[PDB]
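Heads up, the thing below is written out as structure tokens.
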Amino acid sequence: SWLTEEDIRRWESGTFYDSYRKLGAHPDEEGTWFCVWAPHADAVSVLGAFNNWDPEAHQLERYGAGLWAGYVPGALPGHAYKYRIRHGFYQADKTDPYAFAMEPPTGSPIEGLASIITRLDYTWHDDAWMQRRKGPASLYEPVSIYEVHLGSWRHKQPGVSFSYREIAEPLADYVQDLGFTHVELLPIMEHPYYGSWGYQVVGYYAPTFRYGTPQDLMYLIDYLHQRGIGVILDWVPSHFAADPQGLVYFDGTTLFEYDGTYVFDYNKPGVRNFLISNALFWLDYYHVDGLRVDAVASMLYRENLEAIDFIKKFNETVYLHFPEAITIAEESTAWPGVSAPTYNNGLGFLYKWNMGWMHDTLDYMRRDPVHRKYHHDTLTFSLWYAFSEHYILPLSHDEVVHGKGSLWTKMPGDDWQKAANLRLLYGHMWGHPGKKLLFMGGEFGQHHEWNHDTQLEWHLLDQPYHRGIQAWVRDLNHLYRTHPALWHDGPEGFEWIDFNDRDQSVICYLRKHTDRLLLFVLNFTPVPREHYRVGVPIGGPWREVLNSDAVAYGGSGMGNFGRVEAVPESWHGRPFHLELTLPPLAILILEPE
Amino acid sequence: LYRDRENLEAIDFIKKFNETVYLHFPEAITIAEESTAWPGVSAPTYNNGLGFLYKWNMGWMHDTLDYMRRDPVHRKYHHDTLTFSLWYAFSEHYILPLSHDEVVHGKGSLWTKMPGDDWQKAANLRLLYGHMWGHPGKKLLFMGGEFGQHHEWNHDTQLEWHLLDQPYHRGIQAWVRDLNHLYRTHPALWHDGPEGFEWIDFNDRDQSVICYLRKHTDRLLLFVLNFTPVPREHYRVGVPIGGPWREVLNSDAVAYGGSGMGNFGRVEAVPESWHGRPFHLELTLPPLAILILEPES
Amino acid sequence: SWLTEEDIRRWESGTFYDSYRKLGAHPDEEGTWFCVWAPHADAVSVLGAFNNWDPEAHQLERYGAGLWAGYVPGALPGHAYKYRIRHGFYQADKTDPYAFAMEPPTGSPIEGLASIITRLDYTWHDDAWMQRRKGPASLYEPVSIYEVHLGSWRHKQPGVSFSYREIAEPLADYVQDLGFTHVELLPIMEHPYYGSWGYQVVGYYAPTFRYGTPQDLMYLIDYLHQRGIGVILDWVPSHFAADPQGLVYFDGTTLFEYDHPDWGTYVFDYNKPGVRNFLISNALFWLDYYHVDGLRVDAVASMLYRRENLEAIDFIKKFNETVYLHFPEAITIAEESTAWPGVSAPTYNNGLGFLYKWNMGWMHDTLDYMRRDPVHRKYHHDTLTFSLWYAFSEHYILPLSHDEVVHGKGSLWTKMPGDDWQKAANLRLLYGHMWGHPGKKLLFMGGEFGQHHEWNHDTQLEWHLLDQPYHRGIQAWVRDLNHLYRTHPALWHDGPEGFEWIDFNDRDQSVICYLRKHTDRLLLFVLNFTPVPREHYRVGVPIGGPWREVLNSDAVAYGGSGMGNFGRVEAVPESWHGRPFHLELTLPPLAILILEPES
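Residue numbers (the deposited numbering), protein chains in the order written: chain F, 2 to 260, 271 to 313, 329 to 619; chain C, 311 to 314, 328 to 620; chain D, 2 to 260, 267 to 313, 328 to 620.
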């Protein structure tokens, strides 16, 4: 009775995307129901304090499609349970793959993690955000994603991360103040080794205990939503974690594995429901706004059609049940049409990480400003590849770790020059077509690499240069969210003005939607330039709306203060030109009055 | 007044100071600040008062500052500090004062005093000015508070006018301007007697929201205040009169540095009883924001 | 089915304000129904003569919300009964919190107090009074309260008090001749220690046995009402008595207690709905079953704090909200010794919802001023005059309670300075000013003679002093003041509009002149606080023409020297005290003159 016929036959068929509704521990006030998928298991038993851990007190009965299910009177929420599965001669104790919450019995996860019976009752208040949230339509809207690892963000006391509920107000305040639209959280699903950052996952249906209850995660997502903030969750369907007690050789054979050793067998229908139910599980039960699949490349190549067809059906299923969700992919092999609809033969994502832009932008800016003349093309040629896909410009945790160095460390020269370069890099990324992702700590230009066992170097927010960079990004986001010329990342919305100044390493382009136009002039050299002429389409009065070199950001204060007037003689093939003074290592944004 | 206790010399001098002033210059104004709860500072000498026209409401200042200095998560537990301010607002003719003495000696700027990051700090400062203009009594703001300058007032230097270039502070200055324009034009705010104030609701302590009315004759102004960064939707507020109501001011308007969240006007009172009132308004409360609403004529 | 399902649903809500209808012991001719609230009980049983005090004879059945009920055939009125509650390993015998009458089995309250099954059937004859009671409308009518402890008032013989009935005609006789408007009774609810004065309460629903049966008390109130006198009952929701069989640890754990420095662990847990039912139902119980006109809550500050206690503040607000809903013309008075605002203000304006507040600020200032010698009063003039800055902050009752005449504080008489004449003069002056000052009047028994000794509850008041002149004069003065109060509406309106200053700056001569007004009527009060007669003392007045002397404290009939204007005072149109016309008067020693324009 626990299972309908439509459940079993949906399971068989690879289509049970509600499987979480039936699989795992489902609490009832008298007792908890248990359901496990173990097709090659001869026996399955649920164990717990609720029956003195007796392998024979409660042994789930076998139903079809390799599913087992049984009801245990006296198993209550918070009771730790375990699966004792027998395969021929050998028995093994295993986690619940569908466990909704897990906890380390010894207080140390590397040693433990046990499945915990849990009720997921929660009363939401985010209705307004969810009938307004915009998924695919977000292509024509500002998307500023702040990348966050919760444990490393801030600590209530040294070595202690903020609770889910505890971090709710500080994170929203910060995100709001700096004007980011969403947060992207490194995977919160349960993982034994904190040092993995969450990418080696044991419990795909359980939020990591370290920050609190499953309901705690709902409060945070609920809280951020009411403050008008979006939450993107990192998702790791490419591989499961190397845990003996978990998904490895589960029923006794290869099951989640392929019939190295920990990539999911997409050929199996059971694996397909497990993952694709997990995609909807987060979008549904935790109101997640976006999923982000990393290392799609490893899923793509061995071509793995089983995996490519899974990735297409993954995206299709998501948008069918959640039309205003977002799916983002990181792909490194330049596979065509990641952000393209499946009906055009695409993977079906809404977005793709433009890591092509990231390398070019990073490589160009570690060069000393002197040498930048000789790599002008590396900078200017980013726009030949900027429209192949819906792109998010990305600065990530991977970029700031393993000797890659902090973005401030990457920037060349003296600390004022490094701060100016960082501001110019941020200014170009907002100007450059595509959505913006910035990882925690880059916003104030932190000094070391990301260290996950510590809290960000917030004390650096007393130094003038870093406080200024944080001020530059806030204003960058402020113009971004306001002026729709930056909302449209198509080839339309960008217009070159001048790319030929290699010697002085200067770039001028135009960002436009309909009537609105934005002029970006960028000087990648510490030498200032005055009497610099920049072609413009429109004449008349021109205002300077942002300047890297303003003192509030920590710059020397060289600018074009007085409203810039346009001189009507042709320049850069344009009717009018603006005589301009270019501040050292700075980007100027100009709006016609 | 005291030597530590009463100095009658000083009290009689104070009284005849005030009497001669108003006798020779009937249209002058005399104001006193007194750090005790001495009665009748603003009262006429012939009624045994000291004879001042106005008294600084330092009770209000301390109370208000004490409350908003605290974090929104905690404002729940200090709701009574906010609401009980009006039990003392009609004891004297009062000028709600935030002064140079408040922004000195390690007390911190008004901006510095407010909690959260800069967006929320600016939001709170807009709220403080929002409530002070709503609270009964005349208004005093010390120089530089109108844009929310960071540093304590230093007499050896000039104010941080450069912050008027940054948006958060230029927004606050605009908010004060709009507040003063509302004050100058609406007579509902001119009468600081108990007749000039009516409570709409004060017991939403959990969500830290207060609604009150500033009314002179027929004219009435509705003040709805959300002291939390979460906006509130479908929040109902009782009204005395039913009909179209307009939103005259929104602290959360983008012009002041805000979310841009708001009712958007054309609010029609719903002929449903709420807060013991015949009609009610269904409003959306922006983050850390003040709404001022007028019926439509 | 003893309990309605609505009753259990209302009990869990904390909305059962008639809960006395079902909880406690309710007699039936065959047997008594028993109902007690004990949520943390494994079992509850009724013990009594009706079952050889056997705990297994009659075990109540547990209903919803920790409400236990059972029927006992043969349990009869006047029988003593007891509850046995079992908390796991331990069981204990407890008294009924909802007991309607208690009596000491030994004969001594301090040893044993026992719940007794009672019928409250009583036929009232007070129909006329309650169709006309005021209260909220009494804000503009004279309220003159005679505060009384029944046991201490009068004795039939030394150490033997009057029954509830026996007291009726003497107290009603005395209160009417005095002109007092109400009697405020020190707490009548059952209390073990007589020396507590009743503030350590065990039987909130039971009138004390010392003065008779519950009906005896209803008759007393019924009687007084027919005589046109109101009854205020002191009530103690702040704390309960420390009696082991009492409310303490009722079900074997914390129940009425919190799960205050004054009475720690004896403070009611206003958080629990069950506590809220018990307290508010009891408030209504007295207004309902005993027709009480008003209830006075003491030490309200002890509830407000521990910093504010919001449990209690919502409780007080709901108490006042509930009372006026079920009894629109009741009166609730509060004594709060902090400067907590809006005690007398309606809950809808963030007030506590009381109708009246004791002006304890006034009492302190006033007593401190008159404790001082007239020679020295010069230097403390502001203590006298400044009472009017705080005199309209609330709807106030001027108070001279028992708390001021105990513990070495001295009788009001003892407090006044000088020889006997000046002591009598000072007290006649004090009351005159108190009757003139804005606010209703409360005087504790024995103050009307200005008795020498502190209030000693173990004895009867010194009525023998009523034979001697000085004390008989003060009794006459209070009666006559009470006549002036009721006759003239100028004193009924304690609003700022009612009072106007005539002069307050005569510090040297220690004199005060003020006006008390309603519309047409004016009453002029001139006070000489020094034993020196003042002659040619001019006092400004609004109206010209003939003025009358309505009262003079110094009349020889009151024990005074007799210097007086004796009426026939004509206003002179010369500006005095910033006023168009002036009166040229004689100010008697340590006396009050009360004058009105002739009509």
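Even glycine gets a Cβ: it sits at the ideal position worked out from N, Cα and C.
Annotated three-state conformation of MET103(D) is strand, per DSSP. The DSSP-derived three-state label of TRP236(D) is strand. Between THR119(D) and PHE101(D), the gap from beta carbon to beta carbon is short of 8 Å. Taking the Cα positions, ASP479(F) is about 28 Å away from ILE418(F). The three-state reading of DSSP puts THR353(F) in strand, counting E and B together. Between the alpha carbons of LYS338(C) and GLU521(C) lies a distance of about 34 Å. Taken through DSSP and simplified to helix, strand or coil, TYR205(F) comes out as strand. The beta carbons of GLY231(F) and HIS183(F) sit closer together than 8 Å. Between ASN284(D) and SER20(D), the C-beta spacing is below 8 Å. Residue burial is scored here from C-beta neighbours: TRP154(F) has at least 16 other C-beta atoms within 10 angstroms and is therefore classed as buried.
Under the three-state reduction of DSSP output, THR368(F) falls in the helix class. Counted as a single uninterrupted DSSP element, the beta strand (DSSP E) harbouring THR607(F) occupies residues 602-608.
Closest option to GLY160(D), judged by alpha-carbon separation, among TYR195(D), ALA138(D), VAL176(D): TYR195(D). Within chain C, no residue has its beta carbon less than 9 Å from that of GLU142(F); the closest one is some 14 Å off. In this structure, the straight-line span from the alpha carbon of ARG589(F) to that of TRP484(C) is close to 20 Å. The CB of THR406(C) comes closer than 9 Å to the CB of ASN371 in chain D, given here in chain order. Of the candidates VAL37(F), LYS95(F), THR33(F), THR33(F) places its Cα closest to the Cα of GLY75(F). Taking CB atoms only, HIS485(F) has no neighbour in chain C less than 8 Å away.
Boundaries of the beta strand (DSSP E) harbouring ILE613(C): 613-618, taken from the DSSP string. For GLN481(F), no Cβ of chain C is located within less than 8 Å of the residue's own Cβ. Contact check for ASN526(C) against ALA612(C) fails: the beta carbons are separated by 8 Å or more.
Taking 8 Å as the CB threshold, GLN443(C) lines the interface with chain F. By the neighbour-count criterion, in which a residue is buried when 16 or more other Cβ atoms sit within 10 angstroms of its Cβ, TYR91(D) is exposed. For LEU187(D), there is no enclosing beta strand (DSSP E), as DSSP marks it with neither H nor E. By the CB criterion at 8 Å, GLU556(C) and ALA169(F) fall outside the cutoff. The Cβ atoms of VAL560(C) and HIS598(C) lie closer than 8 Å to each other. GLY71(D) has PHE35(D) as its beta-bridge partners, per DSSP. Taking the beta carbon of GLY599(D) as reference, the chain C residues within 7 Å of it are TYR369, listed in sequence order.
Note that the C-beta distance between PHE348(D) and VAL364(D) is not below 8 Å. Per the Cβ contact rule, the segment 210-225 of chain D is not in contact with the segment 492-505 of chain D (fewer than 3 Cβ pairs under 8 Å). In this structure, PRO563(D) lies away from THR607(D), with their beta-carbon atoms at least 8 Å apart. Classified as exposed, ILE111(F) has fewer than 16 neighbouring CB atoms from the shown chains inside 10 Å of its CB.
Within chain F, the residues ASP174 have their CB atoms less than 7 Å from the CB of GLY439(C), given in chain order. According to the DSSP secondary-structure assignment, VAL149(D) is paired through a beta bridge with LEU186(D). Taking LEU186(D) as the centre and dropping the five residues before and after it, the same chain places the C-beta of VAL149, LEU234 closer than 6 Å to its C-beta, in chain order. By the beta-carbon neighbour count (other beta carbons within 10 angstroms, threshold 16), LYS430(C) is exposed.
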